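Peer 1: Let me begin by handing over the structure; questions about it come next.
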Amino acid sequence: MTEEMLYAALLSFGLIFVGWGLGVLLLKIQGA
Amino acid sequence: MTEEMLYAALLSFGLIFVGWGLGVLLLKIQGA
Amino acid sequence: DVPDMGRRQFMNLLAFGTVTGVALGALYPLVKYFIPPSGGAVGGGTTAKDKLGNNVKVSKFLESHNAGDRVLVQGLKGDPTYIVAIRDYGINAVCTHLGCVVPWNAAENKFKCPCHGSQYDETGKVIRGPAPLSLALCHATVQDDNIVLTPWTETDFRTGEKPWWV
Amino acid sequence: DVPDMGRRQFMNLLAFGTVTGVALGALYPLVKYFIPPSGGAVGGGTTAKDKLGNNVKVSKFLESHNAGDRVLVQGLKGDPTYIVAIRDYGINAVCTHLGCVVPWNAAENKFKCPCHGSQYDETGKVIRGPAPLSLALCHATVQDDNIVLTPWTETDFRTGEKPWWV
Amino acid sequence: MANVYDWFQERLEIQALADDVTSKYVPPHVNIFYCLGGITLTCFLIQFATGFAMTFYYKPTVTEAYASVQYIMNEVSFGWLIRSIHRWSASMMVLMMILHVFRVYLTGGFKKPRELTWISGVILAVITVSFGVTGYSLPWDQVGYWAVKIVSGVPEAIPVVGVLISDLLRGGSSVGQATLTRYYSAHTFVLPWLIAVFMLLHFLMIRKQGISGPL
Amino acid sequence: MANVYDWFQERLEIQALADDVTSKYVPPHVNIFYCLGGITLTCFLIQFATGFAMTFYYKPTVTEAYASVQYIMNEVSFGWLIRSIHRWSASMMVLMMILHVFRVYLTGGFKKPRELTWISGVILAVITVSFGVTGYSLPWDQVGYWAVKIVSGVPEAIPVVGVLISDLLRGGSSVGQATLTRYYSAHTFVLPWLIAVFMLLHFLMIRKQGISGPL
Amino acid sequence: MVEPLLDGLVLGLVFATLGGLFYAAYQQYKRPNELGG
Amino acid sequence: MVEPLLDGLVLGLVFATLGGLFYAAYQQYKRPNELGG
Amino acid sequence: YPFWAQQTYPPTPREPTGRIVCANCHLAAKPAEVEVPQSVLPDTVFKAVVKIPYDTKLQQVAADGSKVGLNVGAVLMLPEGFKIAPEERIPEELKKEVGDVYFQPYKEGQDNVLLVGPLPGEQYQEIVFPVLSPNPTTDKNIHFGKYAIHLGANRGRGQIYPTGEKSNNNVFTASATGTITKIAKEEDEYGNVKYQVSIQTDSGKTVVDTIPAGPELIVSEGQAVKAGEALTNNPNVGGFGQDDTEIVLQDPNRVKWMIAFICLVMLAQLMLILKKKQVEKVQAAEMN
Amino acid sequence: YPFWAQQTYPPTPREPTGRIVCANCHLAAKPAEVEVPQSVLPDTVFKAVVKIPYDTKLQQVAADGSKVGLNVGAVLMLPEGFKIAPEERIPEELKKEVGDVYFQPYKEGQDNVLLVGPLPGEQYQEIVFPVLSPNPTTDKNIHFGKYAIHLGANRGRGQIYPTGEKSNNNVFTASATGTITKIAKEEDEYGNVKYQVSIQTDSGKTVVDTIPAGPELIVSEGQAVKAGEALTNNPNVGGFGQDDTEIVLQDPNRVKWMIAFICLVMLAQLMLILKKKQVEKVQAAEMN
Amino acid sequence: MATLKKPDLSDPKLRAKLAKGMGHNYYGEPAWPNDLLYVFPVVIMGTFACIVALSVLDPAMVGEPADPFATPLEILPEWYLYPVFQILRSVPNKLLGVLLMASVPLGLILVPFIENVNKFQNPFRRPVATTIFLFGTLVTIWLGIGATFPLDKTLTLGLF
Amino acid sequence: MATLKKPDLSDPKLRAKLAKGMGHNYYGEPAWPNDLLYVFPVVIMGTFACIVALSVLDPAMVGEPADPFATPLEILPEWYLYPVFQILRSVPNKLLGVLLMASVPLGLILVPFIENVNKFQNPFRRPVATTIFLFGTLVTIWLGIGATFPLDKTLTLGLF
Amino acid sequence: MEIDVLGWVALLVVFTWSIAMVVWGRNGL
Amino acid sequence: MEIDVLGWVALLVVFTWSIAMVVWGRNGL
Amino acid sequence: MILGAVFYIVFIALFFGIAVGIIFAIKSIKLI
Amino acid sequence: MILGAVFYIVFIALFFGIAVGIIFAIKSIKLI
Ligand SMILES: CCCCCCCCCCCCCCCC(=O)OC[C@H](CO[C@H]1OC(CS(=O)(=O)O)[C@H](O)[C@@H](O)[C@H]1O)OC(=O)CCCCCCCCCCCCCCC
Ligand SMILES: CCCCCCCCCCCCCCCC(=O)OC[C@H](CO[C@H]1OC(CS(=O)(=O)O)[C@H](O)[C@@H](O)[C@H]1O)OC(=O)CCCCCCCCCCCCCCC
Ligand code: FES
Ligand code: FES
C-alpha cells in the first residue's frame, strides 16, 4: 500500500520516454 | 364542469379580436 | 509512383475498419448495460406476493381474505394474478385489449373490464368486449410457508389448442 | 423636432425600468422557493430522536442504554447531541474545528476528537487540540412519553460570559 | 469606464456579432403568427426554469415521489406556484407548437429550400410529446401510473424486437421502480439534451436560410 | 445516390462548413502537450456517457442510493465496468486539466489577445472540481457522507450571508436527504449544463483566435 | 383525468388560428406582391 | 479514503509534464523562430 | 340505501378504483351531477349541488309490487376540511334552497363525507348542500390549492339486501337447462303473489323456480329455455350515477398579488411600445 | 487478549467509526501492517501478511512485575467470502511460512474474521495467513470486484481487565489534591509489593493510594502534588495498531477480454498512422 | 411607414438568394431595436403572465397515491394524446395501432417532398393541399373528442 | 517534410493578425486529414483504453453504509482536494481558510493581467514568472502530501 | 368572493392587452 | 495467477504504444 | 358574468385610457 | 516484476515488429 504509489510514479513517468523513443526510432527506421 | 370548457373557447377565441381591434384602433387614434 | 485511388482506398478501409472494431467494441457492453437484469434466470416462475410486495403466509391467507376467495396477488413477472385448500390455476387479472386490471363481480360470476367493457368467466376465458383473448392461467402449488407460481405450458384446459402465452 | 438624446433616454429608462420590475417580480418567488423551509417556526427547539430518526421512549431509554449513560441523540437542528432520572443539559457532540462527531471515552473522563486531536470534559468545555470552543449545551426536560430539547440562552454555567451559540 | 467595448473588440470581435444581429430585416408578410415559434420557445424555457427548480425537491422512488410532490405543493416556498406553472407551461408549450405547425404549413413555410427545418420540427415535436409523457408520470399517483402502465405495453406489438423495446423503456417486464427511475432520467436528462441539440439545428438552419417567402 | 452532397449544398451550404474546417493549419510549436485540452475533453465525454448510463439505475434517496450503487456494481450488465470507468475517468479528467493548465501557463498561452480563454478555464476548472465533489457523495456511504458533512459547513465563516449559503446548498441546517437531493441535482443537471455553456465559450473563443504563438 | 378549461382554451385558439391564418392567405392572395416578389 | 496507485500516477505525470514542458521552452528558446515569427 | 353503504362498508364509501360501494347493490345505471363553484375563499358558505335526475312521471315496483313512485339518495365527499356549514352561517335565501335534508357524516368524524336520503324523488330532484370551506390560517393543517369532490348519487330501489338475497326490482333468469310444464301462482295470506315455475324431462329432472310479484312475465307455456335464460322482463327504472369534480380553496392574497403583477406587466408592455413609437420617429428623421 | 474482544464485544471486533475494540484496553499506540496481493484469482491460496513490529531487545513489566519479554496478537477481517485456506490446499513452502498459528473465527461462522494470538513476539514478528479466495461461480452470492481488509494488530500487555480494573502496565496518577507524608511498602506473602502512599493536612484530610509493583516511581518525599498528578512514570512499551487495505477478487475473463480490446486498439492506432503515412506521401506529389 | 427599406434588386446576391428561395430578411422593418428589442419582450412577458395567471387561478391538483391493483375507471392521457388514443384503443388489431400511430410522425415528415411538386406557399393556390389539410385536421379533432366519449358511443360521437 | 506551408507574409491580413497576437493557424501542416482525421482518433481511442484498462484492473470499490453518528477516522477528500484541505484544516481562524481558498480561483484569474506586462510566452524570458510558478507548484505539492500526514506531523512533513 | 372574479378577469385583460399592445406595436395582424 | 500480470502489463503497453504511435504520427514531442 | 363583463370593460378601460392618455401626454410635450 | 518486464518487452516487441513489419510489407508492394 506504498510500494504501489512508487511503482506507479516510476512507470507512469519512465514509460513516457520508452514510448517517446519508441516513437522517435520508429521514425528513424522510416526516413524523416 | 362543461360550462367552463364553453366559456373558455368563447373567450379564448373572441377576446383575440377585442385585443385585435383594441390594437387597430389604438393605431387609428395615433396616425399610421 | 504515388499510390492510386484503390490503394489510398485499401489503406482507408484497412484503418477505418479497425477503428469501427474498437468502436463496436466499446459500444457493446454499453448496450447490454442498458437492457434490464432479468429477475432470476433459474426455474420458470416466482413465489407470489401482496401489496407492499411481501410474501403471503398461506395460513393467514385462508383464515381470512374475503368469502369464497376472489383475491389479488402480485404474481408472475409483475402481473397481479387473481388467486382463488387453494385453486389449481391463477387467473391473470390484466385485460387483453388495453391492460387495466379487471375485477371479480360476485353477483354475476363474470369479470368486467371497465376502461372499455370486456367480460370473462369463472376461469378467465373471455366472452364479450374489445378484448380478443382469455385472461391468463398459471399453477399455484403451495411450497413451505407460502404459495408458488410457475407458468402454464400445458395446452389450455378451456380452449382446446395452444395458449397464446406459451 | 426629433427628440434629443436625453429623451430617447427618458423613454429608455421609463421602459427599461418597468421591464426590470416585471423581472425582479418573477425573480423573487423563484428565490424564496430555493431557500429551505425552516423545520417548524413555533418554539425554539424540537423533540429528540434516535438513528432511524424515530422518537425515544424515556422508559426503554434508561432501563437499557449502556452503563452510567453516554449516548447518542439526533437532536437540535440535526446535530447528534450527547444525552447523559436524566441530565440538565445536552452535550452537542460535533467538534469545533472541522466537525466530526466526537466520542465519550469512559476510561479518561474526556472526549477526544480523532480526525485531528482536540479534547473536552465532563461538560463539553474544551481543554486541548485545534478546536477553539467548548462543545454545545442545551436543556433536556422530559415531556409526555419522551425527552424535549430546547436551546440554551442562559449564559454559560461553565465559562462565565456569553455562549458562542446564543 | 476604460473602454470596455474596444477591449472585447480588439480580441474577440464583438462588432461583427452585432452586425450579424442588426441587418437581419423583417419583411411584410411576417405577421403575428410568425410569433408562434418564439412563443413555443418562451413556453419551453419557462419549463426548463421551473424544471430545474423542482429538481431540488422532487424524489424519483416509489416510496418518495408522490409525497415530495405534495411537499413542493404544500410546504416549499411558492412550490404551488412553481409547480402549477410547470404544469400549465407544458400544456401551453405542446399547444403553441401545434399552432406554429399551422402557420408553417399554411404559409408553405416548409418547402424546397428548407425541408430540414421542417424535418427537425417533427423531431422537436416528437421529443416535446415525450417530455410531456414521461412527465406526467413522475407524481407516481393513480392517474399517471396507469398511464405508464398503459403506453409502456403498446410497443410489444412490433414483432422481432418490440418487447425488448418495452422492456427497454420500463426497465423490466412490469411497470415499477425501474420504470419511474428510467422515466425521471428520460425527463430530466435525456430530453432536456436532445431537445437542445435539435432546437439548435432548427434554429441555425433558420438564421442561415432566413424566413420563408411572402404570399 | 441522387447527389446527396448537392442536396445539402443548395440549401444549407455544407460547403463552407467544410472549408472552415480544412484550412485551419497546424504550426510548428504545437507539440504533444497541446493535446491536453482534447484529452480533458475526451475524458469528460466519457464521463457524460457513463454519467447518463448510471442515471438509469442509481437512486438519489437515503434509503435507496447506497444500495442501487451496489446493484449497478453487482447485478447490472457491466455496471462494474461502467461504474468503475465514471470513477477513473473523473480522476483522469481533473488531472488532464491540471496538466493542460501547465501547458497553457508555461507556453504563455494565456496572454493579451486571449485573457477570456483563460478566465473561462478557471471557471471550467471550478465547475470540474464541483462535479468531482458532489459526485463523490451520491453513494451515500461512510466516506462521502462525511465529506459533505465536512465542506458544507466551510462557508458558514463568511459573515453577512454565508450561512444562508450553506443552508442553500445542503438544503437545511444539517446534512441529510435534502443534501443528497440537491447534490444529485447539482451533479446531474446543473453542472452538466453550466459546463457545457462555458466549454462552448472556451471552445469558440479559440476557433476564433486560433492557437497561441510559437516560442 | 380531464381538464375542461384547458380543452376549451385549446379549440378556442385552434379555430382562432386556423381562422386568422387563412384570413391572411387571402388578404394577400389578393392584393399581392408588390415591391418585387 | 486513499488511493496510492492514483497518486503515484498523478506525480508521475505532473513531473513528466513540468518536465517535457520546459524541455521544449528550451529546445526552442534556443534554436528559434524561423519562417518569420 | 345510504346507510347500508355504512353498514356493509364501514370505513369508506369509495373503492381504490374510484368505484363507490353504493353501486355494489344498485346495479342499474343513470346520469348524476355535482356543481360547486370554481373557487371558494377560505372560510365561506357556498352552495354545492347534487343533481340526480329522472322522468318524474314514472314508477317502479315495490315489495309486494304495487307501482308507487320512487326515492333518491346520495353520498358526496368533499375535501378534507369541508363541512356542512353551521345553521346560523347559512343565510336565508340559501336556507330555503337547502330544505329538510338529513346531512349525515359517513363515519364519526368524517365530517366531510355526507350521506343523504332516502328523500323523495319528486322535489329532491336536485339536492343542495350548504358547505363551509376550511381555513388554512386556523387549521394549520388544511393547505390552500384545489381538491377533488366525488359525488356518487342514486334513485329507485335496490337489487340486494345487505343480507345477500335478491330484491325484486331485478329480473329472474332460470334455475334449470331445458323443458317447462307449470307456471303456478301461490299467495300465502301475508307475503303476496309468487307465480312459481317448473322445468323437467331430459336429465332425469323434476326441479323448481319461485319468482316474486313485481316484474311482468314475458314467458308463456312449455318453453324449451336453457338455464339462467331471460324469464321475467326488467322491473327497474332507477339506478346509480357517479361524479367527480374539482374546487379551489383559494387564498386571496395570491389573487391580489397576481393581479398586481398583471398590472406591472400591462404597464411595461405599454412603456415598451410607447418607446418603440418614439423610435419609429427618430427613425424617419434619417430617410431624409 | 484476542479472545476478550470476543468476550466483551461478541458480535464484531470493529466499531462503526472503524475503531476496532481491541484499542478500548490496549491504550498505547504502535505501527501495524497487512500486505495482501493486489488481485487474487477466484479460488486461490495466497499469502496475507500481518506485520506487528517492535524493538525485539526490550521488555515490559509483568503481573508481580518481573521484566519478561512480550507477546503479540491481532484480529484481521478479510472480505465476506475469504477463509483460512484448507491444510491440504496450502502447499509446502507456505506451510512452513505460516507456522504454529492458531487461526480462530471471531464468532461461529464469521469464518473470515480471524483471531490470532497470544503468540510470542520474538518470531511472530510478522504473522502469515494462508487464505483462500471465494468463488463467484459456485457461491452465487459472492460477487467479483475489490473489497476491504481491516487489520488491527497489537503487541505487549494491556491496561484493562475485561472486569474493569486497571492492570499494571500503565501509570497511577493521584487520589487526592495536596500534601504527602508516607511512601510505605507492604507485601502480603502472595500478591507481591505495593509501595503504598498517603496525602493530607489542607481540607481536614487523611486519605490513601495503593500502587502495584511494576512502574518506577519518579516521586520523592513530601510533595505538594495536585490530584491525579503524574506519580509513577510509564511502564508500557507495547500497544495497538490498525490497518485497512484493498484486494480484488478478479475474474480473469475480464482481464482476458480487456487485453483483447487493448490489442484491438493498438492495432487500429497502427492502421491509422500507417494510413496518414500514405497520405503524407500523396501529399508531396502535389507541392510539385 | 413602419419602418421599411425595399429589396435591392441590383444586389445580384439578394437576387440569387431570392432565387433560391430566400433573401427574405434583407428587406422590411429592421429587426434590431424595432422588433427584437421592443416588441419581443412584450411577447415574452405577455406569454409569461398568462401562464402565471392561469397557474394562480387554477393551480395544479394532487392525485391519489397510485395503486397498481386498482385500475382507475376514468383514466385519460393528456389532451394532445386524445387522437392517438382513440385510434390506439379502438382498432382492434394491435400492430395496426402502432403502425397507424407512427404514421403520424412519418407521414408528417413526407409532406414537404410530397407537397414539393408545386412551388406554392399560399394555401389558396394549393387547393388539393388545403383540402387534405382541413380534412385531416377534422378527423383529428373528431377522433379527439371521440376519445372523451365512452367506447361504443365513441365513433358515432353519439348521433348515429 | 511533415507537411508544411509557410506564413504568407504578403497577406496583409495574416500580418495584421500576427500582429494582434494571432495568425497562427494559417500555416504549418494542414489540420484536415492529417491531424484531425488520423491522429486525433489515436489520442481518443488511446485515452479511452488506458481508462478502460485502469478500470478493469483496479475497479471501483464499495464503502460501508454512511452512518451520521460515527465519524470515520481516516476520511479524506479526493486527491486534488489535498492542498486546500491542508490549508483549510490547519489555519486556525475559519475565515482565513475560506479567504485563502477562494484566493485560489481568484488569484489564478488575475495572472494574465498581472503577467501581462511583458509580451513573453516562453518561460525562460520570464524568470520572475517561472519562479513564482515553480515556488507556488511546490508549496502546492507540499501542502499536498501534508494533508496525507497527521495533524501535528503535517507541516514539518516530519523532518523538523 | 369576487376578488376571485377580478382574478379570472385579469387573466382575460393581459391576454387581451397583449395582442392589443402587440398589434399596436407593429401595426399588426 | 499471472494473466493478472499480462493485465497490468497491457495497461502499460497501450499507454506506451500510444505516445509511441502519437509521436511517430506527427514526428513528435 | 355580468360583473365579469363590467370589471373587464372597466379594466381594459383604464389601460386603454392610460395609453392614449400617455401618448399625448408624452407626445404633446414633445416626446413622441 | 521480472516477469512484468519480460512480458512487457515481449509485448511491445511484437507490435513494434508488426509496425516495421508492415511499413515495408505495405511499402515495398508500393502502398507507402
Ligand atoms: C477486422 C478488420 C476490420 C476491417 C474493417 C471494418 C470495417 C470497414 C467499413 C468502413 C469503411 C468506410 C470508408 C469511408 C472512407 C472513404 O471512402 O473516403 C471518403 C471520405 C473522406 O476521404 C478522406 O480521406 C482522404 C484521402 S485519401 O483517399 O486516403 O487520400 C482525404 O484526402 C481526407 O482529405 C478526407 O477527405 O470518408 C471519410 O473517411 C470521412 C468520414 C468518416 C466518418 C464518420 C464519422 C462518424 C459517424 C458515422 C457514421 C456513419 C453512419 C452510418 C449509418 C447508418
Ligand atoms: C417603477 C418604475 C421603475 C423604473 C425604472 C427602473 C429601473 C431602471 C434601470 C435600467 C436602465 C438602463 C438603461 C440602458 C439603455 C441605454 O442606455 O442604451 C444603450 C443600449 C442600447 O441602445 C438601444 O436603444 C436605441 C436607441 S434610442 O436611444 O432609444 O434611440 C437603439 O438605437 C437600439 O438601436 C439600441 O442599440 O442599452 C440597451 O438598452 C440594450 C441592453 C439591455 C440589456 C440587457 C440584457 C440582459 C441582461 C442584463 C443585465 C445587466 C446586468 C448587470 C449587472 C451586474
Ligand atoms: S382494456 Fe379490456 S376493455 Fe379496454
Ligand atoms: S475537527 Fe476537532 S480536531 Fe479536527
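By order of appearance in the C-alpha cells: chains A, B, ..., then residues from 1 within every chain, and ligands from 1 in the order shown.
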Using only C-alpha atoms and all ligand atoms, what are the residues with an atom within 6 Å of ligand 4, set out as JSON, numbers by chain?

Peer 2: {"D": [95, 96, 97, 98, 99, 100, 113, 115, 116, 117, 118, 130, 131]}

Peer 1: I need the residues from that last selection saved to file as a CSV table (one decimal), in the first residue's frame (with C-alpha atoms), if you can.

Peer 2:
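Saved as result.csv:
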chain,number,residue,atom,x,y,z
D,95,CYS,CA,-16.1,19.1,17.1
D,96,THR,CA,-15.4,22.7,16.8
D,97,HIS,CA,-12.5,22.8,14.4
D,98,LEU,CA,-13.7,20.7,11.5
D,99,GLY,CA,-16.9,18.9,12.7
D,100,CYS,CA,-16.7,15.2,13.2
D,113,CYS,CA,-11.6,14.4,18.5
D,115,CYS,CA,-9.9,13.4,12.8
D,116,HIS,CA,-7.3,15.8,14.4
D,117,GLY,CA,-6.9,15.6,18.3
D,118,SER,CA,-8.9,18.1,20.4
D,130,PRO,CA,-7.1,22.6,17.2
D,131,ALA,CA,-10.7,23.2,18.3

Peer 1: Could you list, as a VMD selection string, all residues that come within 8 Å of ligand 2? Count only C-alpha atoms and all ligand atoms.

Peer 2: (chain D and resid 5 8 to 9 11 to 21) or (chain I and resid 275 to 276 278 to 279 282) or (chain K and resid 32 to 34 37)

Peer 1: Please save N, CA and C atoms of the selected residues as a JSON list (two decimals), in the first residue's frame.

Peer 2:
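The resulting file, result-v4.json, is reproduced below:
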[["chain", "number", "residue", "atom", "x", "y", "z"],
["D", 5, "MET", "N", -31.09, 63.42, -27.20],
["D", 5, "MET", "CA", -30.60, 62.24, -26.50],
["D", 5, "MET", "C", -31.47, 62.02, -25.28],
["D", 8, "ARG", "N", -34.93, 60.28, -25.75],
["D", 8, "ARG", "CA", -34.85, 58.88, -26.11],
["D", 8, "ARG", "C", -34.44, 58.20, -24.79],
["D", 9, "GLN", "N", -33.62, 58.93, -24.03],
["D", 9, "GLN", "CA", -33.10, 58.44, -22.77],
["D", 9, "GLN", "C", -34.10, 58.41, -21.65],
["D", 11, "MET", "N", -37.62, 58.10, -22.09],
["D", 11, "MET", "CA", -38.27, 56.94, -22.61],
["D", 11, "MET", "C", -37.51, 55.64, -22.41],
["D", 12, "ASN", "N", -36.20, 55.61, -22.67],
["D", 12, "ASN", "CA", -35.48, 54.35, -22.47],
["D", 12, "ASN", "C", -35.66, 53.85, -21.07],
["D", 13, "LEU", "N", -35.35, 54.71, -20.09],
["D", 13, "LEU", "CA", -35.36, 54.29, -18.67],
["D", 13, "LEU", "C", -36.78, 54.06, -18.21],
["D", 14, "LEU", "N", -37.64, 54.96, -18.65],
["D", 14, "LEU", "CA", -39.02, 54.71, -18.47],
["D", 14, "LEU", "C", -39.40, 53.23, -18.74],
["D", 15, "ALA", "N", -39.14, 52.68, -19.95],
["D", 15, "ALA", "CA", -39.41, 51.24, -20.22],
["D", 15, "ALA", "C", -38.47, 50.32, -19.50],
["D", 16, "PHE", "N", -37.21, 50.65, -19.55],
["D", 16, "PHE", "CA", -36.41, 49.53, -19.24],
["D", 16, "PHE", "C", -36.54, 49.22, -17.80],
["D", 17, "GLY", "N", -36.94, 50.29, -17.12],
["D", 17, "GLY", "CA", -37.36, 50.23, -15.74],
["D", 17, "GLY", "C", -38.45, 49.23, -15.54],
["D", 18, "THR", "N", -39.64, 49.62, -15.99],
["D", 18, "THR", "CA", -40.81, 48.77, -15.79],
["D", 18, "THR", "C", -40.49, 47.37, -16.14],
["D", 19, "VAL", "N", -39.89, 47.16, -17.31],
["D", 19, "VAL", "CA", -39.33, 45.83, -17.53],
["D", 19, "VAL", "C", -38.55, 45.14, -16.34],
["D", 20, "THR", "N", -37.41, 45.73, -15.97],
["D", 20, "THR", "CA", -36.81, 45.29, -14.70],
["D", 20, "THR", "C", -37.82, 44.90, -13.55],
["D", 21, "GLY", "N", -38.84, 45.76, -13.31],
["D", 21, "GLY", "CA", -39.84, 45.41, -12.31],
["D", 21, "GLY", "C", -40.35, 44.00, -12.58],
["I", 275, "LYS", "N", -42.23, 53.85, -26.12],
["I", 275, "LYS", "CA", -40.85, 53.71, -26.61],
["I", 275, "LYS", "C", -40.65, 53.38, -28.10],
["I", 276, "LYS", "N", -41.11, 52.23, -28.57],
["I", 276, "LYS", "CA", -40.71, 51.99, -29.96],
["I", 276, "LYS", "C", -41.29, 53.12, -30.80],
["I", 278, "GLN", "N", -41.57, 56.28, -30.16],
["I", 278, "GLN", "CA", -40.54, 57.29, -30.19],
["I", 278, "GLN", "C", -39.35, 56.88, -31.10],
["I", 279, "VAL", "N", -39.16, 55.64, -31.37],
["I", 279, "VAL", "CA", -38.01, 55.43, -32.19],
["I", 279, "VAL", "C", -38.50, 55.26, -33.61],
["I", 282, "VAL", "N", -37.69, 59.18, -34.50],
["I", 282, "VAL", "CA", -36.28, 59.41, -34.76],
["I", 282, "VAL", "C", -35.80, 58.60, -35.94],
["K", 32, "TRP", "N", -33.38, 44.74, -35.64],
["K", 32, "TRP", "CA", -32.95, 45.43, -34.40],
["K", 32, "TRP", "C", -33.87, 46.56, -34.10],
["K", 33, "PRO", "N", -33.52, 47.42, -33.18],
["K", 33, "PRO", "CA", -34.23, 47.83, -31.94],
["K", 33, "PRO", "C", -35.64, 47.26, -32.04],
["K", 34, "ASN", "N", -36.42, 48.10, -32.68],
["K", 34, "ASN", "CA", -37.52, 47.71, -33.51],
["K", 34, "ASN", "C", -38.29, 46.45, -33.21],
["K", 37, "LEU", "N", -35.78, 44.24, -29.85],
["K", 37, "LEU", "CA", -35.63, 44.78, -28.58],
["K", 37, "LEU", "C", -36.90, 45.48, -28.04]]

Peer 1: Let's have chain G fitted on chain H; use all the C-alpha atoms paired in order for the least-squares step and return it as a tab-separated table (two decimals) with N, CA and C atoms, in the first residue's frame.

Peer 2:
chain	number	residue	atom	x	y	z
G	1	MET	N	-10.91	8.47	2.41
G	1	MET	CA	-10.09	7.26	1.98
G	1	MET	C	-9.36	7.35	0.60
G	2	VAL	N	-8.21	6.62	0.55
G	2	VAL	CA	-6.92	6.97	-0.15
G	2	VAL	C	-6.32	5.96	-1.13
G	3	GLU	N	-5.69	6.41	-2.21
G	3	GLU	CA	-5.69	5.54	-3.39
G	3	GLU	C	-4.45	5.40	-4.26
G	4	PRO	N	-3.33	5.09	-3.65
G	4	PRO	CA	-1.97	5.14	-3.99
G	4	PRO	C	-1.80	5.18	-5.48
G	5	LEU	N	-2.11	4.02	-6.06
G	5	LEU	CA	-1.86	3.82	-7.49
G	5	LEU	C	-2.27	5.06	-8.29
G	6	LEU	N	-3.30	5.78	-7.82
G	6	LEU	CA	-3.70	7.06	-8.44
G	6	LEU	C	-2.61	8.07	-8.25
G	7	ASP	N	-2.45	8.40	-6.97
G	7	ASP	CA	-1.49	9.41	-6.53
G	7	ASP	C	-0.15	9.16	-7.26
G	8	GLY	N	0.31	7.92	-7.23
G	8	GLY	CA	1.55	7.69	-7.93
G	8	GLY	C	1.43	8.27	-9.33
G	9	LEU	N	0.44	7.76	-10.02
G	9	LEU	CA	0.07	8.19	-11.33
G	9	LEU	C	0.06	9.72	-11.57
G	10	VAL	N	-0.49	10.42	-10.57
G	10	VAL	CA	-0.54	11.83	-10.58
G	10	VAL	C	0.87	12.36	-10.60
G	11	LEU	N	1.66	12.23	-9.52
G	11	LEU	CA	3.05	12.89	-9.53
G	11	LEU	C	3.86	12.52	-10.74
G	12	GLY	N	3.98	11.20	-10.89
G	12	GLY	CA	4.49	10.67	-12.12
G	12	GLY	C	4.25	11.61	-13.32
G	13	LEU	N	2.99	11.91	-13.62
G	13	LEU	CA	2.85	12.67	-14.79
G	13	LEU	C	3.11	14.20	-14.55
G	14	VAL	N	2.64	14.67	-13.40
G	14	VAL	CA	2.95	16.04	-13.02
G	14	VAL	C	4.39	16.38	-13.29
G	15	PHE	N	5.35	15.71	-12.63
G	15	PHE	CA	6.77	15.77	-13.13
G	15	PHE	C	6.96	15.47	-14.64
G	16	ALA	N	7.03	14.27	-15.14
G	16	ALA	CA	6.96	14.20	-16.66
G	16	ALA	C	6.53	15.50	-17.50
G	17	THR	N	5.53	16.21	-17.03
G	17	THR	CA	4.99	17.27	-17.89
G	17	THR	C	5.70	18.65	-17.69
G	18	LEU	N	5.50	19.23	-16.50
G	18	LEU	CA	6.53	20.05	-15.91
G	18	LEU	C	7.86	19.80	-16.62
G	19	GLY	N	8.31	18.56	-16.62
G	19	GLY	CA	9.50	18.19	-17.38
G	19	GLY	C	9.49	18.64	-18.80
G	20	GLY	N	9.11	17.70	-19.66
G	20	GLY	CA	9.00	17.96	-21.10
G	20	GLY	C	8.49	19.35	-21.49
G	21	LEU	N	7.66	19.95	-20.63
G	21	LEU	CA	7.20	21.29	-20.92
G	21	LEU	C	8.40	22.30	-21.07
G	22	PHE	N	9.12	22.48	-19.94
G	22	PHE	CA	10.43	23.19	-20.05
G	22	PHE	C	11.41	22.53	-21.10
G	23	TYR	N	11.40	21.22	-21.24
G	23	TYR	CA	12.26	20.76	-22.24
G	23	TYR	C	11.85	21.53	-23.49
G	24	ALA	N	10.58	21.86	-23.74
G	24	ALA	CA	10.55	22.46	-25.06
G	24	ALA	C	10.60	23.99	-25.05
G	25	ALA	N	10.45	24.59	-23.86
G	25	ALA	CA	10.65	26.05	-23.79
G	25	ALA	C	12.06	26.38	-24.21
G	26	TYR	N	12.94	25.53	-23.71
G	26	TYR	CA	14.30	25.43	-24.11
G	26	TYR	C	14.53	25.08	-25.56
G	27	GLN	N	14.11	23.91	-25.90
G	27	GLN	CA	14.57	23.38	-27.16
G	27	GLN	C	14.38	24.42	-28.26
G	28	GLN	N	13.79	25.55	-27.88
G	28	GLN	CA	13.17	26.45	-28.85
G	28	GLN	C	13.55	27.82	-28.39
G	29	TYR	N	13.77	27.97	-27.09
G	29	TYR	CA	14.38	29.20	-26.55
G	29	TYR	C	15.67	29.59	-27.20
G	30	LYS	N	16.04	28.87	-28.26
G	30	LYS	CA	17.38	28.39	-28.32
G	30	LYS	C	17.63	27.61	-29.55
G	31	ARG	N	16.71	27.57	-30.49
G	31	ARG	CA	17.08	27.36	-31.90
G	31	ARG	C	15.93	27.88	-32.62
G	32	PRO	N	15.71	29.17	-32.45
G	32	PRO	CA	14.35	29.70	-32.55
G	32	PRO	C	13.65	30.00	-33.91
G	33	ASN	N	12.44	30.47	-33.76
G	33	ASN	CA	11.89	31.36	-34.76
G	33	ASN	C	11.35	30.67	-36.02
G	34	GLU	N	12.35	30.23	-36.80
G	34	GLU	CA	12.48	30.68	-38.19
G	34	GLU	C	11.15	30.98	-38.91
G	35	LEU	N	11.10	30.69	-40.21
G	35	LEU	CA	9.97	31.14	-41.08
G	35	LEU	C	9.26	32.53	-40.91
G	36	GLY	N	9.35	33.20	-39.74
G	36	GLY	CA	9.07	34.62	-39.66
G	36	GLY	C	8.86	35.22	-38.28
G	37	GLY	N	8.64	34.35	-37.28
G	37	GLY	CA	7.92	34.71	-36.02
G	37	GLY	C	6.39	34.55	-36.24

Peer 1: I'd like the contact shell of range 3-12 of chain M - 10 Å cut-off, only C-alpha atoms, skipping same-chain residues fewer than 5 positions apart - returned as JSON, numbers by chain.

Peer 2: {"B": [11, 12, 15, 16], "I": [38, 39, 40, 41, 250, 251, 252, 253, 254, 255, 256, 258, 259, 260, 261, 262, 263], "K": [49, 50, 51, 52, 53, 54, 56, 57, 58], "M": [17, 18], "O": [1, 3, 4, 5, 6, 7, 8, 9, 11, 12]}

Peer 1: Show me which residues are within 12 Å of ligand 3 counting only C-alpha atoms and all ligand atoms, and format the list as a PyMOL selection string.

Peer 2: (chain C and resi 93-103+111-120+126-135) or (chain E and resi 146+149-151+153) or (chain K and resi 71-76+85-86+88-92+150-152)
